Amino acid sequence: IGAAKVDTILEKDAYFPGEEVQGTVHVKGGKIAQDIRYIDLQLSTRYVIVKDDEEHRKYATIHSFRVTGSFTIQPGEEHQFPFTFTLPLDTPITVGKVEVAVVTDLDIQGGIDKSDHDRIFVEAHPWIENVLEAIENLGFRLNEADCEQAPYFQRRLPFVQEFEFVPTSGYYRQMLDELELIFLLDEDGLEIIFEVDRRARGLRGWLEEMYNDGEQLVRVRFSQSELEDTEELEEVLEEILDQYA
């Protein structure tokens, strides 16, 4: 009926990509002593694969590291392993249906391993939120965001986070049925992938077969200066969107 218990506590509720997560894994031994092989932490989320017009959600590990190595835990004994790790820059934003979880794996040799799970909210990176606010000012509204299968981009992760906006102005209603953005965040800036009418076209996921028929894709890099510069950001974004008229 279980002996040793594990509990992870992060110091904050909210982080954005690039920020340092700090916390502590608390372990308390049970009635009789057990041999602990290691304590691992993982950040994970899920992403969608659509097959034959039905959704499959698949777990994916964003980051993983070892909190501690082997030690023996004796009766009732209390141990604290403090940790820190950096949130990867491709960590998805917690909005819509996207959740990001911190999973603690405490491995017990012979043994039934113990685990913990802590949701973390991942906020939009400042540059990303600048882009988003700029986009909504132009006459758009954020409708959906979800992690979608993206083998086509051959990224570190198997998925990308797809932001789907709906036009709130007559002009953009006329231009498109909806707008799609992918953010690829790096240390020096941000790359944006633009697409339109993906829902209209009944497209899900990002696959080779969508660009084989000579469809092509708008892909634009912004540097830090541009992203922190608000005004010209909205107008360059307007310029990019105008190519869809």
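In case it trips you up, residue 1 is the first one in the sequence shown, and so on.
(request) Please work out which of 50-58 and 31-39 has the higher mean CA B-factor as recorded in the PDB entry. (result) According to the entry, 31-39 carries the higher average C-alpha B-factor.
(message) Please compare 74-82 with 128-136 and say which has the higher mean C-alpha temperature factor in the record.
(response) Mean CA B-factor is higher for 74-82.
(request) Between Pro151, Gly110, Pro88, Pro92, let me know which has the highest C-alpha B-factor in the entry? (result) Spelled out: the listed residue with the top C-alpha B-factor is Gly110.
(request) Relative to the other modelled residues of the same chain, rank the CA B-factor of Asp186 and answer lowest, middle or highest third. (result) Within its chain, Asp186 is a lowest-third residue by C-alpha B-factor, going by the deposited values.
(request) Ordered by C-alpha B-factor within the chain, which third holds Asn143? Give me lowest, middle or highest, please. (result) Middle third, going by the recorded CA B-factors of the chain.
(request) State the tercile, meaning the lowest, middle or highest third, of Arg198 with respect to the CA B-factors recorded for its chain. (result) Its C-alpha B-factor belongs to the middle third of this chain's values.
(message) Could you place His63 in the lowest, middle or highest third of its chain by Cα temperature factor, using the values in the record?
(response) It falls in the bottom third of the chain.
(request) Check where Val160 lands among this chain's C-alpha B-factors and tell me if it's the lowest, middle or highest third. (result) Bottom third by C-alpha B-factor.
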